[PDB]
Amino acid sequence: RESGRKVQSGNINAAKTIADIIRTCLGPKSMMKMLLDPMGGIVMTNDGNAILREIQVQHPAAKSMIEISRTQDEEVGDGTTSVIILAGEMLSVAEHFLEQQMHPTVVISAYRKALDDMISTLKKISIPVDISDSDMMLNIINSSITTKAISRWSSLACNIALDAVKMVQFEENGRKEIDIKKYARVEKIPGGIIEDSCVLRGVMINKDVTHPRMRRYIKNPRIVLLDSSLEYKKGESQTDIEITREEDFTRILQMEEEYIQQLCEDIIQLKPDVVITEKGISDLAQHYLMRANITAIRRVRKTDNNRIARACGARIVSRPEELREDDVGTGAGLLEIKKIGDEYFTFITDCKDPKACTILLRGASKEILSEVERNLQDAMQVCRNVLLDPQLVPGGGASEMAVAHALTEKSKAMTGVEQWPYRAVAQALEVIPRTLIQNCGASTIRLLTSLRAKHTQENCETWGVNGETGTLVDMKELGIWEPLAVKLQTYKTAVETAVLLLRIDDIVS
Amino acid sequence: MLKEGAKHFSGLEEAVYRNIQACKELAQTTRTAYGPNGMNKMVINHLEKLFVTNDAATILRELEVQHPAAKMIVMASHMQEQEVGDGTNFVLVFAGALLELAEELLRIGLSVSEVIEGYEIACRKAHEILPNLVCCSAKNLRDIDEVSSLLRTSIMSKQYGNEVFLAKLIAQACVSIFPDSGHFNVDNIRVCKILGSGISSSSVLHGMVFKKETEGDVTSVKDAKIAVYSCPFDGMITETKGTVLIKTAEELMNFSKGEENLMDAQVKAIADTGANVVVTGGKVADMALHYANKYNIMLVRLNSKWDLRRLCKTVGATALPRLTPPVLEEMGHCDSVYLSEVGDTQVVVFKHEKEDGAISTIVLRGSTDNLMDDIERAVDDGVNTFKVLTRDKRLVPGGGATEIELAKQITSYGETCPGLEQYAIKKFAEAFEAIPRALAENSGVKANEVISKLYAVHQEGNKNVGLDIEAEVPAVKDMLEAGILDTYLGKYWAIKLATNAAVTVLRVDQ
Amino acid sequence: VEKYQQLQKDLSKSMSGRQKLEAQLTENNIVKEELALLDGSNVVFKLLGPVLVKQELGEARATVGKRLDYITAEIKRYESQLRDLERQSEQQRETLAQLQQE
Amino acid sequence: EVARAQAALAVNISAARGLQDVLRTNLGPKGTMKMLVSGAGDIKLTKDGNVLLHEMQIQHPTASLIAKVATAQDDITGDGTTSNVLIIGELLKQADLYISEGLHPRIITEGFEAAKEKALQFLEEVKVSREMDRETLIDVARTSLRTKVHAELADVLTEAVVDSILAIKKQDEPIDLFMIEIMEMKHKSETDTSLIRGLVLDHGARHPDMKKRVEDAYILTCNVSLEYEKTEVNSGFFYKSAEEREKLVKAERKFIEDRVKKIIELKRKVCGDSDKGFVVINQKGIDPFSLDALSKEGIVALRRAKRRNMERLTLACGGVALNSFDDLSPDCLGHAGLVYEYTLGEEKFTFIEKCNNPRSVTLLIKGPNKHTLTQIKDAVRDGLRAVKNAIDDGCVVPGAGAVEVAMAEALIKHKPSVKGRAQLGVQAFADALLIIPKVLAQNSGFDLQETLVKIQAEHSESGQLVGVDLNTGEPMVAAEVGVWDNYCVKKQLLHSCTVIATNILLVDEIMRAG
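Residues numbered from 1 in each chain as written, not as in the entry; some residues may be left out. Chains lettered and ligands numbered in written order. Part of a larger assembly, values for the part shown. Heavy atoms only, no water.

- Method of determination for the deposited model, per the PDB record: cryo-EM, at 8.5 Å resolution.

### Overview of the overall build of chain B
- Scanning chain B from terminus to terminus reveals 18 helices and 13 strands.
- On the principal axes, the C-alpha backbone points of chain B span a range of 85 × 65 × 35 Å.
- Considering chain B as a whole, with its 510 residues, one finds that 57% of them fall into the buried category.
- Here the contacts in chain B between residues at least 6 apart in sequence split such that 75% fall between residues at least 24 apart.
- Summed over its atoms, the accessible surface of chain B is roughly 19,700 Å², and 55% of this surface lies on carbon and sulfur atoms. (Helix = DSSP H or I, 4+ residues; strand = E, 2+ residues; numbered from the N terminus. Buried < 20%, exposed > 50% of the residue type's maximum accessible area, 1.4 Å probe, protein only. Contact = heavy atoms within 4.5 Å. Areas by Shrake-Rupley, 256 points an atom, 1.4 Å probe, with all protein chains shown as cover.)

### Topic: the overall build of chain C
- Across its full length, chain C holds four helices and zero strands.
- At 21 Å, chain C has a C-alpha radius of gyration far larger than the 13 Å of a compact globule built from 102 residues.
- Projected onto the principal axes, the alpha-carbon positions of chain C cover approximately 70 × 25 × 15 Å.
- The buried share of chain C, taken over its 102 residues, is 29%.
- Taking as baseline every contact in chain C between residues at least 6 positions apart, the subset at least 24 positions apart corresponds to 79%.
- In the form shown here, chain C has an accessible surface area of approximately 6,700 Å², with 52% of it arising from carbon and sulfur atoms.
- Chain C carries 16 positive and 17 negative side-chain charges, and their two centres are separated by 3 Å. (Rg over C-alpha atoms; globule rule 2.2 N^0.38 Å. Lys, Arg positive; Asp, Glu negative; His and termini not counted. Charge placed at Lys NZ, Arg CZ, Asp CG, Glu CD.)

### Section: the side chain of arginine 18 of chain B
Residues and elements named next belong to chain B.
- In this fold, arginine 18 is placed in helix α1 (residues 13–33).
- Looking at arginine 18, the relative accessible area reads 18%, which means it is buried.
- Separated by 2.2 Å, the side chain of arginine 18 and the backbone oxygen of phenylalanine 9 make a polar contact.
- The contacts of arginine 18, once residues within four sequence positions are left out, are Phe9, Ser10, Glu13, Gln66 and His67. (Polar contact = N/O pair within 3.5 Å; in protein donor to acceptor, adjacent residues only side chain to side chain.)

### Some words on the sheet that holds strand β11 (residues 336–343) of chain D
Residue and element names in this part refer to chain D.
- Pairing is antiparallel across the open sheet formed by four strands, whose spatial order is β6-β12-β11-β7. Looking along the sheet, the strands with just one partner apiece sit at the ends: β6 (200–201) and β7 (213–214).
- Two elements, β11 and strand β12 (residues 348–355), share seven bridges in a ladder whose sense is antiparallel. If you follow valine 339 over to β12, its bridge partner there is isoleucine 352. (Pairing = 2+ DSSP bridges.)

### Notes on the interface of chain D and chain A
- Contact with chain D, which involves 22 residues of that partner, is made by 26 residues of chain A.
- Roughly 2,100 Å² of surface becomes buried between chain D and chain A when both sides are summed, with 59% attributable to carbon and sulfur atoms.
- The largest contributions to the chain D side of the interface with chain A come from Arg106, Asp508 and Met511 of chain D, which together make up 28% of the buried area.
- Applying the counting criterion to the chain D and chain A interface returns two salt bridges.
- Of the charged contacts, one joins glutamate 509 of chain D and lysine 33 of chain A as a salt bridge, the two residues approaching to 4.0 Å between their closest N and O atoms.
- On inspection of chain D and its partner chain A, the count reaches 11 residue pairs in polar contact.
- Contributions of two or more residues to the side of chain D that touches chain A are made by α3 (61–76), α5 (105–126) and β18 (509–511) of chain D.
- Looking at the side of chain D that touches chain A, the element that brings in the most residues is α3 of chain D, giving four residues.
- Tallied by class, the residues present in the side of chain D that touches chain A amount to nine nonpolar, six polar and seven charged. (Buried area = accessible area lost by both parts, 1.4 Å probe. Salt bridge = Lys/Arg side-chain N within 4 Å of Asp/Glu carboxyl O. Nonpolar A, V, L, I, M, F, W, Y, C, P; charged D, E, K, R; others polar.)

### Re the pairing of strand β9 (residues 363–366) of chain B
All names here are of chain B.
- Taking every second residue as pointing to the same face, both faces of β9 are buried, with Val363 and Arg365 on one and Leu364 and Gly366 on the other.
- Judged from the four bridges that link them, strand β1 (residues 192–195) and β9 form a sheet pairing that is parallel. By the bridge assignment, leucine 195 is partnered in β9 with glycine 366.

### Considering the packing of aromatic side chains
Residue and element names in this part refer to chain B.
- Summed over all chains, the structure comprises 12 aromatic pairs over all chains.
- Where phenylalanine 90 meets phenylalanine 94, the ring centres are 5.8 Å apart and the plane angle is 35°; that geometry is what we call tilted. Within this pair, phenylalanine 90 and its partner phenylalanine 94 are both found in helix α4 (residues 88–108), separated by four residues, close to a single helical turn. In terms of burial, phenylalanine 90 and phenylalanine 94 fall into one category: buried.
- Residues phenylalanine 94 and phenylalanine 428 carry aromatic rings whose centres are separated by 6.4 Å and whose planes lie at 75° to one another, so their mutual orientation is edge-to-face. In this pair, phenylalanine 94 is assigned in helix α4 and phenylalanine 428 in helix α14 (residues 419–430), connecting sequence segments 334 residues apart.
- The exposure class of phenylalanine 94 is buried, given its relative accessible area of 5%.
- Above the ring of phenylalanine 386, the side-chain terminus of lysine 393 is found at 5.9 Å from the ring centroid. (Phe/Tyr/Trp six-rings, centres within 6.5 Å; stacked < 30°, edge-to-face > 60°. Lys NZ or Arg CZ within 6 Å of the ring centre and 35° of its normal.)

### Let's talk about the packing of helix α12 (residues 397–414) of chain A against helix α15 (residues 444–456) of chain A
Residues and elements named next belong to chain A.
- Where α12 contacts α15, the two axes come as close as 9 Å, and the packing angle between them is 70°. One element, α12, and the other, α15, form an angle in the roughly perpendicular class. When α12 is examined against α15, the residues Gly397, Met401, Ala402, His405 and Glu409 are found in contact with a partner set consisting of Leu448, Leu451, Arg452 and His455.
- Residues belonging to the contact of α12 with α15 are distributed by class as follows: four nonpolar, three polar and two charged. (Axes fitted to C-alpha atoms, helices over the stretch in contact; angles between N-to-C directions. Parallel < 35°, antiparallel > 145°, perpendicular 65-115°, else oblique.)

### Thoughts on the interface of chain B and chain D
- Every contact between the two is made by 25 residues of chain B and, on the other side, 31 residues of chain D.
- Across the interface of chain B and chain D, roughly 2,600 Å² is buried in total on both sides, 61% from carbon and sulfur atoms.
- Interface area lost by chain B to chain D is led by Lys3, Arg507 and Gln510 of chain B, which between them contribute 27%.
- Inspection of the region where chain B meets chain D yields zero salt bridges.
- Applying the counting criterion to the chain B and chain D interface returns 11 residue pairs in polar contact.
- Looking at the side of chain B that touches chain D, the elements with two or more residues in it are α3 (68–83) and α5 (112–132) of chain B.

### Structural notes on the UniProt feature "binding site: ADP" in chain B
Residues and elements named next belong to chain B.
- Using the residue numbers shown here, the UniProt feature "binding site: ADP" corresponds to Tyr34, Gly35, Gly87, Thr88, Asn89, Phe90, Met156, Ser157, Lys158, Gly399 and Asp486.
- Here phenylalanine 90 falls in the buried class, since its relative accessible area comes to 9%.
- Look past the residues within four positions of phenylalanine 90 in its chain and what remains in contact with it is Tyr34, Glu403, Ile435, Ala494 and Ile495.
- Here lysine 158 is in contact with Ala33, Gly35, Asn37, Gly38, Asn54, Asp55, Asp86, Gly87, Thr88, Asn89, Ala378 and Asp381, once residues within four sequence places are set aside. (UniProt positions renumbered as here; feature names shortened; annotations may be inferred.)

### Brief notes about the packing of helix α13 (residues 403–416) of chain B against α14 of chain B
Residues and elements named next belong to chain B.
- Between α13 and α14, whose axes approach to 7 Å, the crossing angle comes to 170°. It follows from the interaxial angle that α13 and α14 lie roughly antiparallel. Taking contact as the criterion, the partners of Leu406, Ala407, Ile410, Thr411, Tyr413, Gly414 and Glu415 in α13 are, on α14, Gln422, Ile425, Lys426, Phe428, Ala429 and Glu430.
- By residue class, the composition of the contact of α13 with α14 is seven nonpolar, three polar and three charged.

### With respect to the environment of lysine 212 of chain D
Residue and element names in this part refer to chain D.
- With respect to the helices, strands and loops of the structure, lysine 212 is situated in the loop between β6 and β7.
- Not counting the four nearest positions on each side in its chain, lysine 212 is found in contact with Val300, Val339, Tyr340 and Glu341.
- Here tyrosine 340 takes part through its side chain, which lies 2.7 Å from a polar atom of the side chain of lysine 212.

Okay, structure coming up:
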């Protein structure tokens with residue numbers, strides 16, 4: 001059992017010492033971390049996550065940081081290295097003052113009073129980017145993919161993420177879910193090269209395809225999703241006794257067949273040729289599809305069919321007894337099973353649903369494939385971020401010292417108790433300048449002043465320091481940009497954790 | 001090292017000091033072990049079995065050391081005792097004193113590559129006068145006195161007292177029948193000792209002695225084809241299992257009854273295979289005997305491998321365990337196959353003899369085998385120096401008497417050539433007096449006494465010492481003119497091999 | 001190796017008709033039924049020995065109760081020789097396997 | 001616990017000196033060999049930087065780190081491994097000296113980058129084309145072996161070195177992946193390296209009078225069994241029951257006896273003439289009466305070869321991997337202009353030679369049959385790895401640290417960045433350059449500086465590359481000396497030098513983790 005001011009200070013220590021070493025690993029300029037093990041394992045990384053794994057945590061605050069670290073990692077997977085740097089500051093700042101000024105509560109509400117002023121400042125500093133201009137996305141992407149320092153064949157395929165993710169942008173939920181990444185489903189091609197790696201519509205189906213199970217090439221004929229509920233009914237809607245002896249083999253397995261033949265027709269009625277049936281298939285369901293010489297592809301996975309439900313963008317059948325071409329095999333559709341390098345690759349394309357597009361990934365090896373995809377993974381995440389909020393924000397301390405004033409201006413305004421948490425929280429913003437002044441290897445205290453001097457008039461609008469340029473700079477002149485999406489997320493993320501650990505004074509066995 | 005890593009055995013002390021330790025440390029007993037000596041150095045095994053060697057190897061190969069250089073240089077002493085013979089102790093004892101010179105050149109601080117060459121050019125400079133120090137050669141193997149002299153310095157520089165008598169024996173071993181024209185049998189002539197009689201009764205026999213006991217009626221002919229088998233009769237007990245153990249418990253018993261008919265048909269097949277001597281590493285038994293008495297084949301009751309292998313080797317035989325009647329892939333190589341009682345003990349005597357391919361098997365006798373085993377060591381000294389394969393061996397004075405010849409010059413040549421180089425050349429020629437000093441201090445007199453006289457006698461080839469009273473005061477024995485000489489070859493490899501490792505081992509910081 | 005297979009026949013020996021019992025065991029429940037189902041409507045016979053023994057319900061009532069119990073009894077005699085034979089052939093398996101490999 | 005701030009650095013760079021130290025002469029004609037009874041515990045003998053690394057058990061993480069990146073350049077170079085280790089620590093100190101002065105390692109790392117490129121930029125300036133001829137092949141092969149072994153053993157091998165590489169230029173192959181077929185002979189003498197423009201096998205199998213001298217070489221290299229297991233097997237090893245293992249073997253010798261008769265006409269189809277020599281090579285054993293009756297056909301036959309051999313003989317002899325003893329085409333079965341089964345020591349070594357492809361070419365080293373024989377082997381292979389770079393690039397440059405000063409003369413004087421912040425790293429960068437020539441010379445002779453100023457002044461005079469004379473410890477122009485780096489090696493080194501010295505300079509911590 002661990003409790004009390006210890007855990008309070010422990011809420012500081014863990015998130016602190018976590019965040020401490022990691023800001024050096026932040027930034028395109030970043031100071032790497034060595035690891036050694038008693039096992040001998042050596043790790044050279046600027047990657048907090050990878051670090052966050054092999055490191056050990058004997059404090060649950062240090063453990064729950066990994067949790068909230070994976071939160072942003074669940075979300076994106078970058079900025080996780082960043083999020084931890086925020087709360088680790090906060091508790092290391094407000095608390096020892098304000099918990100010895102006695103409260104869990106004040107900064108908690110002030111964490112929100114911090115959370116909003118960012119959003120406030122965000123409505124200024126973050127300025128819209130259009131997905132119509134690729135570079136206007138891609139310059140962020142070029143900045144985002146060079147974060148992991150491969151600009152080589154990642155960048156041109158990041159257009160594919162700039163396309164596929166943007167082109168799997170769909171499903172307005174009425175507050176408009178459309179902004180997204182995940183619907184983009186990567187293709188895996190042995191052979192080819194990221195040059196000839198380029199989107200096909202819907203979802204290009206690699207996963208269950210090592211070989212054609214769906215014709216060879218199908219253009220008009222409908223790729224059709226049959227989804228469970230193809231199992232027989234020996235009665236009208238019912239199932240009676242099954243095959244036992246002579247005429248039950250006939251009668252019963254016939255009783256099984258009619259209901260399915262009845263199910264079969266509705267598929268053939270919409271004119272398929274290929275039919276992808278996920279689990280819940282009858283051999284009864286296929287053989288009349290065979291009687292129409294319309295291939296029924298059985299026992300194949302769900303996401304794959306959801307890929308295929310995203311590939312021609314048809315739906316998944318919710319009433320397989322009454323079927324529509326509007327249900328499955330929508331539009332004209334396409335199905336093309338292509339050998340590129342080793343493997344036949346089903347391409348179900350000409351997608352209805354708002355387009356849809358998946359990243360064609362062709363490496364010569366799978367390595368030269370993988371190097372691209374990993375940085376591609378930045379774009380497709382930044383793409384969804386540009387899809388989420390398409391407001392590109394100046395990087396560096398541009399947002400930091402901005403909100404800091406606006407928070408301390410909110411301190412000047414509100415002049416309450418939480419003014420002090422602001423001046424405690426507004427102090428957290430300076431990380432990026434300090435991080436960057438570290439990573440450039442300059443003197444912060446002048447640049448701290450000079451950035452406050454950048455805020456004194458400019459309000460640090462586009463002006464932070466960029467350690468990568470090493471100087472206090474407009475981020476328009478450096479073209480440094482991020483969506484308001486990624487900012488507030490990472491911003492809000494540790495704020496929540498800054499609430500989280502501060503909530504916890506007690507561990508009990 | 002400075003770090004968690006780098007497992008390293010040498011460097012700093014280790015390189016500088018601790019290598020030189022095992023250098024001088026092992027070079028200790030070889031100071032007593034080469035040149036005329038009786039020196040008793042008592043070596044027992046992991047068997048803790050009493051022995052004394054005057055040759056370094058039995059001390060060396062006995063020992064255990066974590067120093068690879070000290071563990072290496074013996075291979076040069078090997079390469080000596082491999083190519084050559086007595087003078088193997090000389091290998092180690094030379095370098096160690098020579099090596100200290102380099103560390104004192106490191107006490108001077110002299111550079112490795114700079115000290116490296118000083119020993120080397122001087123070596124070829126020693127190898128320059130080394131043939132210039134060829135005085136005589138070994139004129140005739142056919143001359144006992146040439147070979148006795150050849151064996152003399154050989155046995156002497158291990159054992160000085162037993163020297164000439166043995167030197168006359170193994171010279172009259174007539175291994176001269178091997179022209180040394182590029183053929184000499186070293187093993188086919190090997191000593192077979194007789195525990196018992198005297199070591200003066202120790203003599204040479206011609207044809208292979210086998211001290212092991214004849215069984216069966218002795219060979220039906222002589223030139224008798226030789227069945228050499230690991231266990232032709234071990235009894236009829238089973239040879240047949242992969243692990244040579246029991247499969248089921250009923251097999252061992254049938255070997256008593258059909259033993260007769262087997263030990264009949266088996267040695268009958270030995271009579272049928274043409275072998276009038278079957279060699280049984282397994283036990284002789286009466287039925288075999290009784291039938292080998294009917295078939296008049298000599299059984300060789302039990303065998304060392306040294307018996308077997310030599311018979312596997314010399315006869316061309318293959319020793320195999322037999323139960324079933326066997327056959328000869330073996331036959332004989334031997335044109336006379338004897339039971340003779342030599343040392344008074346029944347001795348299987350195989351004989352085939354040629355100018356190339358003879359077996360002249362020296363029969364040592366004596367009250368103790370711990371005598372003859374070191375005697376054989378002292379004896380094998382000359383058995384080696386027989387094989388030079390220049391009949392005229394370009395003898396240079398043995399006993400290190402021709403050292404000061406080189407020693408004075410190369411070190412005078414030392415200052416001739418310049419620099420940090422010249423010291424290692426000078427140091428090179430300073431390591432000569434070691435062996436005489438080592439020897440003269442086996443007789444208990446310092447070098448400077450002795451060597452300043454060897455410096456006073458100047459160019460002789462004659463003066464050296466180390467077991468005698470003339471060893472003590474005069475610093476004059478003839479290790480040239482008294483019948484002590486040594487071939488260029490051995491003396492070459494004496495310098496050559498003592499040249500090689502000493503330099504090469506100097507590199508290692510690990 | 002024969003050691004693997006050695007005691008399994010002696011094993012299944014006592015198991016053989018024990019299995020036959022367990023159908024009779026099931027039909028012993030049925031003969032209890034078909035005795036209770038027979039009030040004497042048609043004759044009840046324990047058939048034991050080549051002689052047909054005229055029999056009665058109460059004569060066969062304990063009996064079929066005794067049979068079913070006994071038809072459970074040849075179970076335990078195998079349960080005796082069950083772990084006799086399977087266990088010692090379990091040791092034998094390694095005995096002559098390696099010796100023959102040896 | 002952890003090691004942070006300076007502690008994440010010092011222990012790394014402090015380890016990087018004694019490491020650097022011991023092998024400071026592993027290198028150049030001044031180079032000195034080392035052994036190990038320690039790291040792997042055995043009796044071992046080695047000279048090279050990366051190679052002495054792996055042999056030890058190195059528990060300090062950094063000691064294992066360079067071994068990786070060094071191995072990359074170690075591959076093609078084979079020398080300069082020991083070298084690149086030396087300049088990095090020579091670099092690390094200056095950067096440490098800055099952080100000792102105090103400064104930021106990443107702006108210091110930032111200080112390497114122009115200087116590295118500037119030096120790289122200088123590296124094409126200083127690369128001087130000596131195209132491939134035996135002279136450049138000699139002088140690079142020796143300076144590599146002068147590094148790796150005796151200049152004696154260098155020039156002893158420098159013949160054997162250029163021997164094979166003549167036919168690899170017949171291949172026009174800038175690298176040698178064959179002719180690197182090496183045979184290590186049982187002998188007393190190390191120095192004897194025999195060029196065989198074909199291969200060598202230790203075989204000729206168990207039988208003589210097979211016409212072990214084959215002038216018309218027709219080679220069947222096969223894995224077919226003319227001999228095989230007598231061991232008890234059922235499933236492939238000893239089966240629980242004994243007897244079922246038995247039924248297999250009685251088809252062995254019969255299969256072998258039959259293939260003898262198959263080779264008869266395989267001699268008659270192929271040749272029909274003992275005057276046309278036929279060679280069998282078995283990857284497995286061969287029974288005596290096979291070879292014996294194969295000796296009756298005018299055939300030498302080699303049991304138990306190796307996969308390289310089979311392929312190399314399939315290559316060099318234009319030979320075969322063919323699987324059969326049945327009648328086969330002679331044109332399939334490869335050819336060598338001469339074949340002989342040679343004996344030095346116990347084993348009879350077949351010298352197969354003048355082979356259809358002079359492709360896999362034996363350089364046959366004799367030797368003491370030791371770690372020494374193992375020692376003399378590894379170097380000449382790297383002596384090639386030197387000259388392949390000389391074959392690789394057209395630019396072969398004076399060695400013995402000739403390039404180093406001119407860079408420090410090039411780089412520092414004008415600030416290559418014209419900027420101190422980088423010049424910091426540059427001043428650190430251009431000091432790394434000088435250690436190897438100045439450490440070896442001062443090891444081999446006169447000091448770093450008083451020798452430097454001589455190499456400096458003559459560079460300062462000419463800018464021409466005056467190297468070091470390691471025969472003294474003084475500078476000379478390493479053009480005439482013959483010690484010649486290629487552009488490749490020196491190109492490769494800064495890459496392997498800098499990128500490893502940078503990321504480790506930027507370690508912000510080190511932690512035992514899990």
